[PDB]
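Before any comments, here is the structure.
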Amino acid sequence: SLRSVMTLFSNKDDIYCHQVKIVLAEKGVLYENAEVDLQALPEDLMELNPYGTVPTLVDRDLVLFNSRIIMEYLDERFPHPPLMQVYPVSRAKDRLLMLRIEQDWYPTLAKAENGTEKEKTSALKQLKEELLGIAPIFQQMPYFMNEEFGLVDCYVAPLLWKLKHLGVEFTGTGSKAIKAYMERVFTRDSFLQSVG
Amino acid sequence: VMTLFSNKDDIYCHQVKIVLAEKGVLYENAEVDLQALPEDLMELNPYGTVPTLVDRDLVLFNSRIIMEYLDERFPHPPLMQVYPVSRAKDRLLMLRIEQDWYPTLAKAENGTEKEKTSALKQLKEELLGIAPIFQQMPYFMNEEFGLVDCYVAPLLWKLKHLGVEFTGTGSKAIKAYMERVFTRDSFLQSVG
């Protein structure tokens, strides 16, 4: 592993913190985890990041927040293994895919965790239908619209992980490809470290 | 073929047009009325937002993604630094500009007459507050013109056209910055 002197301020149930921990583990970067309670933020986080958000990555004098900015920083600073492709069109398609995952699926997931009972049930059914709907994606490629594991999977895997633990179970048409993808990502060394 | 679906008054369209002009790339501007979106935009981009860029087979939206794509596809002149640390700092600047300054700018164009005059005073206040930043380097927190200036310049341009004038302390660094970015060939093309 790499002996960095980084501190990650994070919360263990936050999906954005989860994305960043997977990238840190992929890159083999050692860092200190500083757990934070969202209602009771530590003053040292406030000192470094006045917006008081997590994840916040601190490396010596550098302070970063926003998980997309953090992840691209780590991929650029620590090239191996590559979590984005090399060529500009692939990079743009992956970026657009990420934005859409975040925009379209993440709020439904949040509703599924934090809504009223009919909202939850309604959010879960909606996410379930949508994920089943994109099943054909895998008949071509083992990672999400990619041949190799990358940042897009760092958006999809935390979401599937949360759905699994909310009781979602995939059956019917498209469920074989989704279960296969889950095994492929959940069993990776980095994912194992991220939920450790 | 290269097409930008764009609205002429939209700040995010303006960002992308500056980057297109810097890279010297030819494109067709498809003007869109926000209240009546054309069908050919809807079929390429189900979300119906602008700017939307179409490059041969690739469809892109969201101005940040378009700009990064252009900077990577058309490498010179480079609009981002080379070091991962500097690139991250600039990304974070841009995020903060867009999150903290842009809503106040929208309010200054879209509000009631009370809302508008209030927003204009706030923005003018915060910009004069950071006068010593404009003082530091010729471009915004950078020695060379880059993507960060593509966030700052369109905002100052809108303000100029909303009647804002800078006088008093630090207004000198801000005016000198405006003169310097507004008179670049790429910027003059982007407003043409």
Side-chain angles (χ1 to χ4, degrees), chain A residues 64 66 68-73 75-77 84-96 98-99, chain B residues 2-4 6 10-27 29 50-55 58 60-99 101-102 133-134 136-158 176-192:
Chain A
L64 295 182
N66 184 282
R68 161 193 61 86
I69 293 185
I70 287 165
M71 291 184 277
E72 285 211 48
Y73 167 72
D75 197 55
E76 296 172 1
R77 181 163 168 210
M84 299 262 260
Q85 321 208 20
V86 177
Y87 293 99
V89 169
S90 296
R91 298 169 54 89
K93 302 228 246 34
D94 286 352
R95 283 195 183 106
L96 196 61
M98 283 177 266
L99 171 70
Chain B
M2 175 94 109
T3 303
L4 181 72
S6 184
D10 186 281
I11 189 166
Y12 301 110
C13 296
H14 187 187
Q15 299 172 331
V16 168
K17 279 177 182 171
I18 296 169
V19 183
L20 287 166
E22 283 284 329
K23 302 303 191 166
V25 314
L26 306 166
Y27 64 102
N29 193 80
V50 297
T52 291
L53 176 79
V54 180
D55 182 0
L58 174 66
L60 297 183
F61 42 89
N62 176 283
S63 61
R64 164 187 64 75
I65 287 172
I66 291 168
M67 291 189 276
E68 288 227 38
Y69 170 67
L70 289 174
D71 198 45
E72 292 172 357
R73 183 75 211 283
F74 306 104
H76 295 267
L79 303 177
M80 291 284 274
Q81 291 195 240
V82 185
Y83 302 163
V85 170
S86 315
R87 296 168 52 83
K89 288 173 75 154
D90 287 345
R91 292 187 175 117
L92 199 64
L93 265 174
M94 297 182 249
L95 177 72
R96 286 181 47 237
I97 292 153
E98 203 278 352
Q99 166 188 294
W101 290 349
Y102 281 26
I133 294 198
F134 290 100
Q136 277 195 250
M137 276 169 266
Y139 293 99
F140 193 89
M141 300 282 22
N142 279 304
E143 204 72 49
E144 292 303 337
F145 180 86
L147 295 182
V148 178
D149 304 286
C150 306
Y151 277 69
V152 175
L155 174 142
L156 299 173
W157 180 247
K158 296 271 214 173
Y177 173 82
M178 285 165 86
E179 298 167 4
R180 175 177 309 121
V181 303
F182 294 167
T183 61
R184 293 173 71 78
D185 289 321
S186 65
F187 186 92
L188 291 167
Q189 285 176 229
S190 73
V191 293

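The figures here come from the full heavy-atom set of this structure, side chains too, leaving out hydrogens, waters and symmetry mates. A note on names: the letters A, B, ... follow the listed sequences, proteins ahead of strands, and every chain is numbered from 1.
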*side-chain contact (heavy atoms from CB on, under 4.5 Å) between B:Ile97 and B:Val148, intermediate numbers included*: CA-CA 9 Å; B:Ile97 292 153; B:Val148 178; 4.2 Å; yes
*Measure the spacing between CZ of B:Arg184 and OG of B:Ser190 and express it to the nearest 0.5 Å.*
11.0 Å
_Before you tell me yes or no, could you show the steps for B:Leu53 and B:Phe61 under side-chain contact (heavy atoms from CB on, under 4.5 Å), namely the whole-Å CA-CA distance, both residues' side-chain angles and the distance that decides it to 0.1 Å?_
CA-CA 6 Å; B:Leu53 176 79; B:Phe61 42 89; over 6 Å; no
*Rounded to the nearest 0.5 Å, how far apart are CG of B:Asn142 and CG of B:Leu147?*
10.0 Å
*Between B:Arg91 and A:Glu76, does at least one N-O distance fall below 4.0 Å, as a salt bridge requires?*
yes
*Which pairs, with at least one residue in residues 144-156 of chain B and sequence neighbours excluded, count as a side-chain hydrogen bond (donor to acceptor under 3.5 Å, both in side chains)?*
B:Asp149-B:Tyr177
*Is there a side-chain contact (heavy atoms from CB on, under 4.5 Å) between B:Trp157 and B:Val181 once you walk through the steps?*
CA-CA 10 Å; B:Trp157 180 247; B:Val181 303; over 6 Å; no
*asked:* With rounding to the nearest 0.5 angstrom, report the CG to CG distance, A:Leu96 to B:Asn62.
replied: 8.0 Å
*For B:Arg73, side chain to side chain donor-acceptor pair (under 3.5 Å) partners two or more places apart*: none
*Less than 4.5 Å apart, any side-chain heavy atom of B:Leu70 and any of B:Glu22?*
no
_If I take atom CD1 from residue B:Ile18 and atom SG from residue B:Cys13, how far apart are they, to the nearest 0.5 angstrom?_
11.5 Å
*Salt-bridged, B:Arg87 to A:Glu72, with N to O below 4.0 Å?*
no
*In terms of ring plane angle, is the pair B:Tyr69 and B:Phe74 parallel, tilted or perpendicular, where the classes change at 30° and 60°?*
perpendicular
*asked:* With a 4.5 Å cut-off on side-chain heavy atoms, are B:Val54 and B:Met2 touching?
replied: no
*Taking the side chain as every heavy atom from C-beta outward, state whether B:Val19 and B:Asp71 have any atom pair closer than 4.5 Å.*
no
_Testing the basics here: between A:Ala92 and B:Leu58, what is the closest heavy-atom pair and its distance to 0.1 Å?_
CB-CD2, 4.4 Å
*How long is the span from the CG atom in B:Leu95 to the CD1 atom in A:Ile69, to the nearest 0.5 Å?*
5.0 Å
*Would you confirm whether the ring centroid of B:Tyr12 sits within less than 6.0 angstrom of the ring centroid of B:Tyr102?*
yes
*Do the side chains of B:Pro51 and B:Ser63 get nearer than 4.5 Å, heavy atoms only?*
yes
*From CA spacing to verdict: side-chain contact (heavy atoms from CB on, under 4.5 Å), B:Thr52, B:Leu60*: CA-CA 6 Å; B:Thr52 291; B:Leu60 297 183; over 6 Å; no
*Do B:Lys158 side-chain atoms and B:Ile11 backbone N/O form a donor-acceptor pair below 3.5 Å?*
no
*Determine the minimum heavy-atom distance between B:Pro78 and B:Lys23, stating which atoms define it.*
CA-NZ, 4.3 Å
_Minimum side-chain heavy-atom gap B:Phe145-B:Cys150 below 4.5 Å_ = yes
*Can you measure from CZ (B:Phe187) to CZ (B:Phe182) and round to the nearest 0.5 angstrom?*
5.0 Å
*Give a yes-or-no answer on whether the side chains of B:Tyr27 and B:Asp55 include a donor-acceptor pair shorter than 3.5 Å.*
no
